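Novice: Protein chains in written order, with the numbering used here: chain D, 2 to 242; chain E, 359 to 407; chain Z, 20 to 94; chain Y, 11 to 388; chain F, 75 to 128; chain P, 2 to 55; chain G, 276 to 342; chain H, 43 to 102; chain C, 6 to 54. Ideal Cβ placement from N, Cα and C applies to all residues, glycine included. Sending over a structure as structure tokens; questions will come in a sec.
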Amino acid sequence: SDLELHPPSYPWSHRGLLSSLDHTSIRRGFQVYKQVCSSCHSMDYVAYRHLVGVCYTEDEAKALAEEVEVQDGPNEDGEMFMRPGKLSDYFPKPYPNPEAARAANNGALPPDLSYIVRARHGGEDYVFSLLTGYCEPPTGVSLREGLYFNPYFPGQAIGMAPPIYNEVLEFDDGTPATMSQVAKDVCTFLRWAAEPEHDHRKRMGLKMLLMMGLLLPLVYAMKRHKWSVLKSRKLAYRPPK
Amino acid sequence: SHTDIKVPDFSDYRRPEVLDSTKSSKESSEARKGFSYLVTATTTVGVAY
Amino acid sequence: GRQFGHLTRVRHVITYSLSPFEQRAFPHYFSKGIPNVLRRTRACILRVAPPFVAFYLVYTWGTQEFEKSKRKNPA
Amino acid sequence: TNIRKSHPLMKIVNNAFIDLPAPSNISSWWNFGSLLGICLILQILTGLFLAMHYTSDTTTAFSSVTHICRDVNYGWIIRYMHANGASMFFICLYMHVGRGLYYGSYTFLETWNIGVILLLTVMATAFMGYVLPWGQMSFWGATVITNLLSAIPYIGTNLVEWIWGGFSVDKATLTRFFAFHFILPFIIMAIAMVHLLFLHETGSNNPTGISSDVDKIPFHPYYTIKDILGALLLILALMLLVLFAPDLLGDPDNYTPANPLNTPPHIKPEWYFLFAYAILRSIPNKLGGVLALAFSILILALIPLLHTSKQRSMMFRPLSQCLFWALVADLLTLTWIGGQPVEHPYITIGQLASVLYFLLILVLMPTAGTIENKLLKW
Amino acid sequence: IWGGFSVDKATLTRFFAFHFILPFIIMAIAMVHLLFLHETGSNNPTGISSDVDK
Amino acid sequence: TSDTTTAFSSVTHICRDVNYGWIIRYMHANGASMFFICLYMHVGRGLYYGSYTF
Amino acid sequence: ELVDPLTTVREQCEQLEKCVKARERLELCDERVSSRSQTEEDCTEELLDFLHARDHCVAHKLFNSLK
Amino acid sequence: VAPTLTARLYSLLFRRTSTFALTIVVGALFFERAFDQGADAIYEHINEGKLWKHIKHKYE
Amino acid sequence: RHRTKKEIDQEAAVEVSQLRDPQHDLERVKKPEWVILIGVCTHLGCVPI
Ligand code: HEM
Ligand code: HEM
Ligand code: HEM
Ligand code: HEM
């Protein structure tokens with residue numbers, strides 16, 4: 002309470018400058034979102050189509066969207082039915098009104114995961130460490146067995162249960178799903194939800210450095226060549242007498 | 359008396375193709391221009407890209 | 020206003036110049052280059068550096084005093 | 011004769027950047043004027059494209075911005091070039107005001123005052139800019155700041171509600187800011203033309219502070235190319251930020267949609283105001299702080315009357331060189347402080363840097379000048 | 075210029091933006107109108123030069 | 002506000018809720034027409050009087 | 276019966292010099308607060324230092340094996 | 043061969059601002075492509091985190 | 006806010022003539038166990054924690 006501890010620096014595979022995202026690791030992370038968080042966490046800004054060029058294929062993406070019932074537009078009777086889910090659909094899930102998060106839990110809003118990595122301080126590092134560094138209370142403070150304990154959290158005391166070892170799983174070519182290995186993934190996915198452009202820019206960035214590494218000296222020499230005339234000018238003063 | 363006016367030696371700054379008083383600068387003018395123009399040509403190509 | 024031809028009055032000064040296509044763009048770039056920069060640095064360190072380290076010291080201290088003020092031992 | 015010289019349009023261009031007599035002298039510190047110009051059109055160009063998509067209503071404010079970066083093609087580089095361009099704009103702005111003070115360029119009364127107006131203007135422009143995406147910091151930074159005017163006696167209340175369009179930072183308050191943030195950069199640009207008009211009366215000052223009429227060179231090809239090269243550098247800086255560290259200068263808190271009841275603990279303005287923020291809270295008074303914060307920027311207009319040396323530039327004056335960099339360092343302290351919570355060491359050291367800033371400008375620099383004259387038998 | 079396959083959402087914000095920036099450019103272009111006009115002065119009802127009675 | 006959802010709405014909001022938003026709104030609309038009347042008159046004068054020689 | 280690289284790595288990391296001293300100071304305070312009643316010097320700080328030293332080293336070694 | 047290179051380059055392509063321009067535009071074409079190859083090829087070599095994923099999940 | 010017996014006694018013990026805006030605690034509440042205020046700071050409108 003009013004004292005804190007800051008996250009370590011985990012060697013993510015996209016922490017490097019010209020470093021792409023692990024897409025295999027974004028899938029696992031997606032799956033981690035679909036079962037676990039998706040019943041408490043909103044992710045309003047990502048859609049099924051967004052996943053297409055990224056992890057899955059066209060068809061794969063469709064079927065995943067088709068595993069929920071939406072609420073397509075009104076028809077003739079001024080109605081509202083329910084629909085298989087297309088691609089144009091986002092991931093708007095849990096509770097309708099905000100307070101429905103509250104009523105379900107106790108106050109406590111499980112903030113949307115569309116922008117989390119970019120919105121805390123310490124990116125995936127803070128989320129990963131909050132997810133992984135779950136621990137037991139030292140002394141002198143009791144919670145309310147509602148407000149679980151967390152060291153990697155402001156006030157070290159607050160709201161969310163550790164659903165990170167409770168294990169679900171579905172890695173086609175398979176991977177063990179420990180608490181840690183399932184955390185890197187939800188985080189490696191959470192980066193991409195907050196910044197889908199991540200990889201593209203770093204490719205341009207590479208071009209930007211390569212280009213500037215050619216243009217810069219080139220323009221210098223152009224400017225050097227024209228100033229030539231002033232750099233080597235010699236003066237002489239020849240007054241009378 | 360304006361005849362005492364000689365141009366200061368520039369050897370310190372001249373390109374190597376133009377170091378000899380014995381020889382024409384005509385021979386290397388192309389190459390010298392070639393060089394500097396290639397520099398700008400490439401630049402424009404860069405800026406273009 | 021402005022314009023060449025009407026700036027000011029000057030007499031008796033000759034200026035020898037050379038075509039850029041006749042000289043090199045980087046004569047002794049490192050040869051005379053580096054010595055100069057050292058010289059310029061030397062010429063200005065005593066005037067530029069001192070306020071900056073003064074900030075630096077006040078920065079690291081001020082930071083330590085902050086962190087160490089938020090803990091308690093006896094009392 | 012020559013068309014470039016006599017065509018009613020080209021004349022301008024020609025006498026503004028082609029034949030204009032310029033000192034052979036001016037160094038890199040002189041590049042900031044053109045970079046400020048480039049920053050301006052860049053903010054205008056990307057800013058425009060951002061407006062072809064951004065919608066200005068609380069409901070979609072944040073949303074549209076997200077829509078831009080995800081759906082809108084390349085809306086992300088555009089968005090980031092915009093955000094970072096604003097910072098680049100402030101870096102150059104501060105560098106420009108730096109060069110002026112060090113070199114005595116302020117002896118050009120009108121040119122410089124137009125610059126102060128350029129400062130407040132680009133400043134006022136950017137304050138509104140950042141309220142737009144309707145992030146936590148936007149709303150809150152917008153709340154903290156606007157309210158400041160509520161200290162003005164007998165009228166602060168009425169005034170703050172008047173620019174609010176209500177009793178709080180509401181819907182009225184967002185569309186308003188969009189509109190002004192759109193029209194201000196156009197007025198900035200016209201005022202910048204008058205900056206140049208007035209500057210052209212005298213020509214540029216130079217590193218030595220000595221008149222250079224005796225050694226003037228044409229702006230083209232020398233300063234067209236020295237200006238080209240330095241723009242490329244500004245592109246490097248700018249692109250390094252957007253393509254590698256896009257959020258480095260930005261708060262993560264503005265990535266969370268606004269909430270009028272929330273109130274973050276963290277609460278600071280954008281980096282380019284920290285020094286002024288520091289100065290403001292260093293005073294335990296509503297009116298004091300605000301008055302002092304105003305005096306903090308409006309003092310750029312006092313500078314010319316505080317000139318005391320018999321030399322224009324500081325190049326040949328070491329007591330002043332020392333005092334100058336102390337001033338820079340003291341602003342760096344102010345930046346640092348403003349970014350820290352109002353507690354422990356920080357309070358009093360923040361109050362020290364404040365008095366100092368004012369002592370350094372209002373008394374130490376003028377005095378050093380008189381002494382340096384005395385030392386020269388002048 | 076539609077921002078799609080029809081006059082959509084893209085098409086409205088676009089027009090707002092341009093309808094905001096165009097009158098500023100209009101004004102600058104109108105200044106050049108006047109600059110050029112001032113070279114000769116105004117014409118007049120008779121079409122005869124009036125330098126003789128300005 | 003420039004989004005289809007509130008486009009029309011905001012405009013109505015202007016004339017009913019916004020203080021004097023109605024004169025403003027109408028001066029705007031009519032100003033556009035006045036602008037065209039003068040524009041056409043201006044181009045008229047030019048053609049009749051040969052001002053186009055500039 | 277699962278492989279928990281975190282726990283595997285935590286053990287060897289949780290050992291090391293830095294961590295012992297913090298865990299030492301922790302238990303010191305632990306018992307200090309345990310053996311007192313009507314006290315409010317609540318032992319939160321000492322836990323954090325232990326975590327820092329531990330978790331810093333946790334990051335350097337972890338992922339290296341993680342699949 | 044070396045002096046005559048920059049020389050011939052000036053002779054046949056550089057004097058006339060025409061050819062000088064004809065070449066930079068033509069030179070920008072080939073360059074834009076050859077740069078995008080190498081550049082992307084570089085981006086790939088330091089990665090391999092996507093694309094060869096395709097050979098696995100589909101192929102139908 | 007529901008104030009405990011302890012907080013009520015503490016505000017009653019405050020040296021009133023030293024205050025920036027002189028007011029006794031009992032003229033700012035109706036029931037001593039309840040304090041109701043607008044979450045708006047008198048300086049520049051932020052919300053007090
Ligand atoms: C892998 C799935 C999940 C992830 C990645 C996730 C991650 C997060 C993160 C990063 C925060 C905000 C941390 C902060 O404020 O600094 C959060 C808050 C919260 N989430 Fe989760 N969580 C997940 C599943 C759950 C589940 C299953 C629940 C239901 C117990 C839950 C309920 C909460 C609540 C109540 C909070 C608010 C904490 C508070 O402010 O007191 N989330 N979560
Ligand atoms: C809208 C931002 C500004 C722009 C676009 C702008 C544009 C320029 C340009 C193009 C120059 C040409 C010469 C040079 O850069 O040294 C210049 C010089 C100058 N500006 Fe600015 N300026 C801006 C803000 C300022 C500010 C904030 C000030 C000071 C309050 C200022 C006062 C001056 C002065 C005094 C000079 C003369 C410099 C000298 O000759 O040494 N201007 N400016
Ligand atoms: C008239 C040209 C300009 C237009 C049309 C424009 C329009 C916009 C719009 C619509 C936004 C919200 C979308 C977004 O945040 O990405 C924005 C953000 C902003 N722009 Fe401008 N603006 C212009 C000139 C400026 C100028 C002169 C500055 C000052 C350097 C400026 C600095 C900002 C800032 C600080 C923000 C908010 C921070 C952010 O990017 O998230 N822009 N602008
Ligand atoms: C943006 C709308 C325009 C503005 C603000 C504008 C402004 C002016 C002004 C202030 C004058 C001064 C003398 C006078 O009115 O007779 C003028 C004259 C003139 N304008 Fe325009 N004008 C505009 C559109 C036009 C158009 C549409 C044309 C024809 C295509 C035009 C061609 C002329 C000419 C030829 C004159 C000279 C008139 C004469 O001396 O008889 N301008 N304008």
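1) Under 6 Å from any heavy atom of ligand 3, by CB: list those residues in chain order, please.
2) Quick check: the Cα distance between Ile27(D) and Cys56(D), rounded to an integer number of angstroms?
3) List, in chain order, every chain F residue whose beta-carbon is nearer than 9 Å to that of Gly51(P).
4) Using only the heavy atoms of ligand 4, determine whether one of them is closer than 8 Å to the beta carbon of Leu109(F).
5) Which residues share a DSSP beta bridge with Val32(Z)?
6) Could you list which residues in chain Z have their beta carbon closer than 9 Å to that of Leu4(D), in chain order?
7) In the DSSP assignment, find the beta strand (DSSP E) that holds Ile227(Y) and state where it starts and stops.
8) Could you say which of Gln22(Z), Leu26(Z), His25(Z), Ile33(Z) lies nearest to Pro240(D) if we only look at CA atoms?
9) Kindly confirm or deny that the stretch 30 to 48 of chain D and the stretch 169 to 187 of chain D touch, where touching means at least three C-beta pairs closer than 8 Å.
10) Taking the alpha-carbon positions, what's the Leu244(Y) to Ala182(Y) distance?
11) Between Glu38(C), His29(C), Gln28(C), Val52(C), which lies nearest to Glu12(C) when the distance is taken from Cα to Cα?
12) When every heavy atom of ligand 2 is checked, does at least one fall within less than 8 Å of the C-beta of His106(Y)?
13) Please tell me whether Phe285(Y) and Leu341(Y) are closer than 9 Å, where the distance is taken between their beta carbons.
14) With 9 Å as the threshold, decide whether the Cβ of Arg390(E) is near any Cβ in chain H.
15) Is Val82(Y) close to chain D? Criterion is C-beta to C-beta, closer than 9 Å.
16) Report the three-state DSSP secondary structure of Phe150(D) (helix, strand or coil).
17) For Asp305(G), collect the residues of the same chain with a Cβ closer than 7 Å to its Cβ; drop the 5 residues on either side in sequence, then sort them by chain order.
18) How is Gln42(Z) classed by DSSP in three states: helix, strand or coil?
19) Classify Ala32(Y) as helix, strand or coil using the three-state DSSP reduction.
20) Considering only heavy atoms of ligand 4, does any lie closer than 8 Å to the CB of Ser52(P)?
21) So within the stretch 18 to 56 of chain D, which uninterrupted alpha helix (DSSP H) runs reach at least 4 residues, ignoring any that extend past its ends?
22) Alpha carbon to alpha carbon, how far is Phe23(Z) from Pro31(Y)?
23) Thinking just about the alpha-carbon of each residue, which of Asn106(D), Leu236(D), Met223(D), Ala237(D) is nearest to the one in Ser394(E)?
24) Candidates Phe118(Y), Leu129(Y), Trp122(Y), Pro376(Y): which alpha carbon is nearest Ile197(Y)'s?
25) Since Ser88(Z) is in the alpha helix (DSSP H), which residue starts that stretch and which ends it?
26) Roughly how many angstroms separate the alpha carbons of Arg307(G) and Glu196(D), rounded to a whole number?
27) Using the C-alpha atoms, what's the distance from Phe149(Y) back to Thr156(Y)?
28) Could you list which residues in chain Z have their beta carbon closer than 7 Å to that of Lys35(D), in chain order?
29) Taking Cβ positions only, does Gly80(H) come closer than 9 Å to chain E?
30) If the cut is a Cβ gap below 9 Å, which residues of chain D does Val397(E) touch?
31) Skipping 5 residues on each side, what residues in its chain have a beta carbon closer than 6 Å to that of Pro228(Y)?
32) In three-state DSSP terms, what is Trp76(F)?
33) Please list the terminal residues of the continuous alpha helix (DSSP H) segment that includes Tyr91(D).
34) Does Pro275(Y) get closer than 9 Å to chain C when you measure Cβ to Cβ?
Specialist: Once the coordinates are examined:
1) Spelled out in chain order, the answer is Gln53(Y), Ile54(Y), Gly57(Y), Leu58(Y), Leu60(Y), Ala61(Y), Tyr64(Y), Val75(Y), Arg89(Y), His92(Y), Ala93(Y), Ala96(Y), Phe99(Y), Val132(Y), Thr135(Y), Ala136(Y), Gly139(Y), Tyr140(Y), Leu142(Y), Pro143(Y), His191(Y), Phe192(Y), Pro195(Y).
2) Distance between the alpha carbons of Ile27(D) and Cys56(D): 7 Å.
3) Per Cβ cutoff of 9 Å: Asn117, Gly121.
4) At a threshold of 8 Å, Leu109(F) does not count as near ligand 4, since its beta carbon sits no closer than that to any of the ligand's heavy atoms.
5) For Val32(Z), the pairing in a beta bridge is given by DSSP as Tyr238(D).
6) By Cβ distance, chain Z contributes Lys89, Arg90.
7) Following the DSSP letters along the chain, one finds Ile227(Y) inside the beta strand (DSSP E) bounded by residues 226 to 228.
8) Among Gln22(Z), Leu26(Z), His25(Z), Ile33(Z), the Cα nearest to that of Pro240(D) belongs to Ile33(Z).
9) As far as the Cβ criterion goes, the stretch 30 to 48 of chain D touches the stretch 169 to 187 of chain D, which means the pair count is three or higher.
10) Rounded to the nearest angstrom, the two C-alpha atoms are 37 Å apart.
11) Nearest option by C-alpha distance: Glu38(C).
12) It does: the Cβ of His106(Y) is within 8 Å (strictly closer) of some heavy atom of ligand 2.
13) Cβ atoms of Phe285(Y) and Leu341(Y): closer than 9 Å.
14) The C-beta of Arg390(E) comes closer than 9 Å to at least one C-beta of chain H.
15) Cβ-Cβ to chain D under 9 Å: no for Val82(Y).
16) DSSP places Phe150(D) in strand when its eight states are reduced to three.
17) If the five residues before and after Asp305(G) are omitted, its C-beta is found closer than 7 Å to the C-beta atoms of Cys318, all from its own chain and listed in chain order.
18) The answer is strand: DSSP assigns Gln42(Z) an E or B state.
19) In the displayed model, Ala32(Y) falls within a strand according to three-state DSSP.
20) At least one heavy atom of ligand 4 lies closer than 8 Å to the C-beta of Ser52(P).
21) Whole alpha helix (DSSP H) segments, 4+ residues: 25 to 36.
22) Rounded to whole angstroms, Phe23(Z) to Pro31(Y) spans 6 Å at the Cα level.
23) Answer by Cα proximity: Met223(D).
24) Between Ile197(Y) and the set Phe118(Y), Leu129(Y), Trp122(Y), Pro376(Y), the nearest pair of CA atoms involves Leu129(Y).
25) Secondary structure note for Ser88(Z): its alpha helix (DSSP H) is the uninterrupted segment 52 to 88.
26) In this structure, the straight-line span from the alpha carbon of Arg307(G) to that of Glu196(D) is close to 48 Å.
27) Distance from the CA atom of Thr156(Y) to the CA atom of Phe149(Y), rounded to whole angstroms, is 10 Å.
28) Chain Z residues near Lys35(D): none, gap ~42 Å exceeds 7 Å.
29) Judged by the 9 Å Cβ criterion, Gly80(H) is not in contact with chain E.
30) Per Cβ cutoff of 9 Å: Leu219, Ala222, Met223, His226.
31) In chain order, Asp29 place their CB closer than 6 Å to the CB of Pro228(Y), counting only its own chain and leaving out the 5 sequence neighbours on each side.
32) Three-state result, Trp76(F): coil.
33) Here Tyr91(D) belongs to no alpha helix (DSSP H), and DSSP marks it neither H nor E.
34) Taking Cβ atoms only, chain C reaches closer than 9 Å to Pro275(Y), which makes this a yes.
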